[PDB]
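Asks: My sequence and its experimental structure, below.
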2 protein chains.
Amino acid sequence: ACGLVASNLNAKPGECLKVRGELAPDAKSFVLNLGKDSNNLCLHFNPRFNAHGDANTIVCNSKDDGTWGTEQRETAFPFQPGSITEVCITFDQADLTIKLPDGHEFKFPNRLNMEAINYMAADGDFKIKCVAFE
Amino acid sequence: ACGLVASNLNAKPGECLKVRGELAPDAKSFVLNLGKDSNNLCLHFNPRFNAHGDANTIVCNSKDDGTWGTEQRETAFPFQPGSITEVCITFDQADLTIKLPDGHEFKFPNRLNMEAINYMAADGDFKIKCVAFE
Ligand SMILES: OC[C@H]1O[C@@H](O[C@H]2[C@H](O)[C@@H](O)[C@H](O)O[C@@H]2CO)[C@H](O)[C@@H](O)[C@H]1O
Ligand SMILES: OC[C@H]1O[C@@H](O[C@H]2[C@H](O)[C@@H](O)[C@H](O)O[C@@H]2CO)[C@H](O)[C@@H](O)[C@H]1O
Ligand SMILES: [Mg+2]
Ligand SMILES: [Mg+2]
């Protein structure tokens, strides 16, 4: 139900998205989205504690005119229910780089070579403490 | 039309809201709202460069079940169109304290005696760089 949605960003390559949130003690999933609008996402970042058949797996994807792209799963899962977590994301026209709080990083392709991000959303089983993209 | 809305906060007295935004070169107004939901706000903070008959004036108010309260106008106006600005807000059951970037502060009464903030919004003539409430 509850969530954060912002359509008033003006983020560009070289800037860093930093999101901090407090994970519910029974957290099943949370989502961070970046893009142009809800139907056009260069990144959907979805740690699944236990959701949609995945356990302790991050699912990433893109969304183009409402259509989900090819999923990319990551096994690094430094997320503890009931605690604060921080995720940082940088990007350029080739890839987004996701930096997890244990020092794991991975790339997700910038499939539509998006160079301006004006939309973000954060929702699921956590309460927001910080969103910065600067 | 664009803006930020979050219903997934869990802010408590002793935590500080910090908002950074890039003001449009022709900015007329921006708004920061805090409360339970869009109809129930312990603080509506509205710097008006030139809007609704006010020039370089901050208008603050509360909103109770959809009804605006008594306005409080502040003359301190350390906001420059085309630049980044930062506003910090603290609160307790008595008052919210607004801390402006030039060191001016003022209090706005917490009329609804709200001790938990789950909702915030930021919109108007700026682009968000940071929202933190922690
Ligand atoms: O791809 C992100 C998207 O996934 C949806 O669930 C997928 C699921 O991960 C996959 O295993 C299945 O094959 O297709 C489902 C439907 O596309 C989620 O529903 C959605 O929220 C996103 O997370
Ligand atoms: O009170 C905040 C609220 O003000 C509305 O405008 C007011 C205006 O400030 C006041 O001078 C006039 O008497 O009543 C108007 C309507 O309540 C704004 O429209 C609204 O956006 C808020 O900023
Ligand atoms: Mg949420
Ligand atoms: Mg008054």
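Replies: The structure has been received and is ready for your questions. Numbers count the residues shown, from 1 in each chain, chains lettered A, B, ... in the order given. Ligands and ions are numbered 1, 2, ... in the order given.
Asks: so, in contact with ligand 3 or not, stretch A:38-50?
Replies: No. Judged by C-beta under 5 Å from the ion, stretch A:38-50 stays clear of ligand 3, getting no closer than 12.6 Å. Placement of C-beta: from N, CA and C, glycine included.
Asks: near chain B at all, that stretch?
Replies: No. Judged by C-beta under 8 Å from any C-beta of the partner chain, stretch A:38-50 makes no contact with chain B; its nearest approach is 12.5 Å.
Asks: quick one: that stretch to chain centroid distance?
Replies: 6 Å (C-alpha atoms, centre = their mean, to the nearest Å).
Asks: wait, does it contact ligand 1?
Replies: Yes. Counting by C-beta under 6 Å from any ligand atom, contacts between stretch A:38-50 and ligand 1 involve A:44, A:46.
Asks: and stretch A:32-40, which residues are buried?
Replies: Residues of stretch A:32-40 classed as buried by neighbour count (16 or more other C-beta atoms under 10 Å in any protein chain shown): A:32-36, A:40.
Asks: Leaving out sequence neighbours, find the closest residue to residue A:72.
Replies: Nearest residue to residue A:72, sequence neighbours excluded (C-beta to C-beta, 6 or more residues apart in numbering or on different chains): residue A:60, at 4.6 Å.
Asks: How about chain A: which residue is closest to ligand 1?
Replies: Residue nearest to ligand 1 within chain A (C-beta to the nearest ligand atom): residue A:61, separated by 3.7 Å.
Asks: Now for the residue nearest to that residue when sequence neighbours are not counted, which secondary structure element holds it?
Replies: Nearest residue to residue A:61, sequence neighbours excluded (C-beta to C-beta, 6+ apart): residue A:44, at 4.7 Å. Residue A:44 belongs to strand A:40-51 when assigned by DSSP states H and E.
Asks: List of residues touching that strand?
Replies: Applying C-beta atoms under 8 Å, 6 or more residues apart in numbering or on different chains, the contact partners of strand A:40-51 are A:27-35, A:54-65, A:68, A:77, A:79, A:81, A:87, A:89, A:91, A:96, A:98, A:108, A:110-112, A:114, A:117, A:119, A:124-125.
Asks: thinking again about what came up before, tell me which residues touch the residue nearest to residue A:72, please.
Replies: Residues in contact with residue A:60, defined by C-beta under 8 Å, 6+ apart, are A:43-46, A:71-74, A:98, A:108.
Asks: Mind listing the residues bridging to it?
Replies: In this entry, residue A:60 is beta-bridged to residue A:45, residue A:72, by DSSP bridges.
Asks: cool, the one 4 residues further on as well?
Replies: For residue A:64, the beta-bridge partners under DSSP bridges are residue A:67.
Asks: measure it to residue A:42 for me?
Replies: Residue A:64 sits 9 Å away from residue A:42, going by C-beta to C-beta, to the nearest Å.
Asks: What is the neighbour count of residue A:41?
Replies: Residue A:41 has 26 neighbours, counted by other C-beta atoms under 10 Å in any protein chain shown.
Asks: can you check residue A:119 too?
Replies: 21.
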